[PDB]
């Protein structure tokens, strides 16, 4: 599993559950092509987005649908999404964990990158 | 006046100076239209992006060009840029300050929405 | 002038107003001696804590009383307070701005060290 | 395991390994008594600090020795430590994960609290 997304709620001190996540990959014509998507689990994590084989070098965007998450909790947040844009595997395969920490008017995102 | 961007460097404990910032507005066909841009000052701030007249309700994206900032410092970064996407709302406070705190493998962004 | 504290609320996207802040200096017997204190202003800032003359090299602690802030808002918090401990250094820039970004179950703190 | 500490390096996008961690518990006379200590593993995590039985209600302080971590990497950071102070188990036993994200002039800390 070369790509994992983990989402935390800084208001409740909990995983952010059932958060929609969309991954895109930049095409040769510089447009964003759909790559993978899913929803975070009870642990706030989304596994199984891609495989080593599919996850080639490129520029990827992970869009985390934070607005819908907050609205379902009765909160009107500032951001539409949290977006994480990065070049992947440009020095060979790596394992990426994209973590996002959410508040209604602020988010943090951190990448933990390991060499298999 | 209605939109300010402030950028800080968490590695050096300093304003992030000479960071390119691009603002876009979402068009009717869901594309991103260039709206305003500039570079952060010696205080890490970018003022004068827009006017009350022009900054109407709609969806905006602020891209902060973090990769070029870290590359200039000789520090290997993760993200292509930091991306802040939000809906401007006339019902709320009149000033939007988008603050970004930068590290090579992590960034946070906070919206401070106030009435001058 | 040499020490400022700025506090922001990540839930409301606002300055954190009326937050108690206590500054201590480490004594020779390793105890914490009260040094200065105040409450954040309507801009979330606390100025005038100390003077260049008094702010000599040594170890300082800034405690930000976050629990009482969240309790006033009716929001259940995790931390008793946010605590920032550092050594003041004459070799470096002359102004220390301690910034704290607050959520109920998370806080960050950043030092911006500059020359006015 | 009711208490876990996890530490990440925001400069390298990696676990923070071999970081010293000291836990204290406030005594009846309002002094900080040593409670547990250890060092983070290769995964940046510290497990086994305490047991359900020992980890009674109280006010706890987790001190993470971040300065020594950065200095060993050749960096002179701002903070002496990252300190996390919280009341634990005051509504019955909980499981606490204390996470800290480190940069030379900034740190974040987040608590994830679960009901067993």
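As written, the chain order gives the labels A, B, C and D, with residue 1 at the start of each chain.
One rule holds in what follows: a contact is a pair of C-beta atoms (placed from the backbone, for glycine too) under 8 Å apart; a residue touches a chain by one contact, two chains touch by 3 or more.
Which chain is which protein? Per UniProt: A, B, C, D = Transthyretin.
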Contact-richer chain pair (by C-beta pairs counted) among C-D and A-D: C-D
Interface copy of A-C among B-C, A-B or B-D, judged by whether over half of the contact pairs recur: B-D
Approximate Å spacing (C-alpha centroids) for the pair chain B (Transthyretin), chain D (Transthyretin): 33
Inter-chain centre distance, chain B (Transthyretin) versus chain C (Transthyretin) - centres from mean C-alpha coordinates, in Å: 25
Rounded Å distance, chain C (Transthyretin) centre to chain D (Transthyretin) centre (Cα mean): 20
Chain centre separation (chain A (Transthyretin), chain D (Transthyretin); CA means) in Å: 26
Shared-contact residues (touching 2 or more other chains) in chain C (Transthyretin): 10, 13-14, 78, 101, 105-106, 108, 110-113
In the complex, chain C (Transthyretin) residues that touch chain D (Transthyretin): 59, 78-81, 83-87, 105-113
Residues on chain C (Transthyretin) engaged by chain B (Transthyretin) in the complex (per definition of touch): 8, 10, 13-15, 99, 101, 108, 110-114
Complex contact set, residues of chain C (Transthyretin) against chain A (Transthyretin): 9-14, 75, 78, 101, 103-106, 108
